[PDB]
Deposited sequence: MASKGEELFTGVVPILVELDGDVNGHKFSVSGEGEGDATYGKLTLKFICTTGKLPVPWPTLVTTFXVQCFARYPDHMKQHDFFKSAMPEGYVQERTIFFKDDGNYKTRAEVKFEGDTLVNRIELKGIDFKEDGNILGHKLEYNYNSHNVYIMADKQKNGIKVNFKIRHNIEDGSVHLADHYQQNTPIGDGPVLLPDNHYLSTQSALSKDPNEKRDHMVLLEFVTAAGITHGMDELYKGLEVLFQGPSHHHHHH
């Protein structure tokens, strides 16, 4: 059949479910949308199903499918994400908010029929109940970042890191250091990549027809770092 990159040549429906626990506050979110790796384009709509989100939406953009990055033709031998499909991969993360708590994430990105599913479990701790996160002091926006990928030799996967800049209502900036591990689920061979990065851009929107607390996320991601 089709396997690996063959499965991303067109539009692919996406499903995102997440269970969270931040400083005891407990919530769930569901998301739907689609991704097109031909353009590196990603579109998702998220809804807090347990009422309302105890944290700011922008902090969970990262946690909410890098298999939809547009890996230009001359780099296709470094697309670890697509190479692990359809079986899938695990995505573990630890996010450090400077002078504030931290997120711990574990997720499974894999195909389940006709849909790419990213199911996550998040746990936050050590946050300041008056700080920028739990104080809902974050501007509802997102900037552009470089995601740095590196082959994890000890495992059979990759190590990834980057720093997010969440803008603050007072005009300052809160840095969120990201440290990320990916390892495949199947036993089939994957692509271990040379050092490279993904150019990420994100824009958060709002559906005016939407009554619940929600986020509309659009993402453009293109890989870079090698020379022909």
**OP:** Enumerate the deposited-sequence segments absent from the coordinates, judged by C-alpha atoms, in order of position.
**Re:** 1, 66, 231-253
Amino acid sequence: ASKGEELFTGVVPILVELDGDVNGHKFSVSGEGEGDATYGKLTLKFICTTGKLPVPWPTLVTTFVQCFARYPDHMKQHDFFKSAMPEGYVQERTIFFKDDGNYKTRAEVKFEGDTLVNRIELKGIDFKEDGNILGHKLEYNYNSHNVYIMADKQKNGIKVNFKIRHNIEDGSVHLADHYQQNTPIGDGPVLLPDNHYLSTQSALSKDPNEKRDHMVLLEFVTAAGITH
From here on, numbers count along this sequence of modelled residues.
**OP:** Mind pulling up the entry and telling me whether 132-140 or 113-121 has the higher mean Cα temperature factor?
**Re:** 132-140
Subject >> Which of 6-14 and 21-29 has higher mean CA B factor, as the PDB entry lists it >> reply: 21-29
Original post:
In this PDB entry, which of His196, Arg70, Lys52, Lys159 has the top CA B-factor?
Top reply: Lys52
Original post:
With respect to the C-alpha temperature factors reported in the PDB entry, which of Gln91, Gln154, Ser83, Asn146 ranks highest?
Top reply: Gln154
Original post:
Taking the C-alpha B-factors as the PDB entry records them, is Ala224 in the lowest, middle or highest third of its chain?
Top reply: middle
**OP:** Going by the recorded CA B-factors, say which third of the chain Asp187 sits in, lowest, middle or highest.
**Re:** highest
**OP:** Pull the Cα B-factor of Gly171 out of the PDB entry and bin it into the chain's lowest, middle or highest third.
**Re:** highest
Subject >> Within-chain third of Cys48 by Cα B-factor, per the entry >> reply: highest
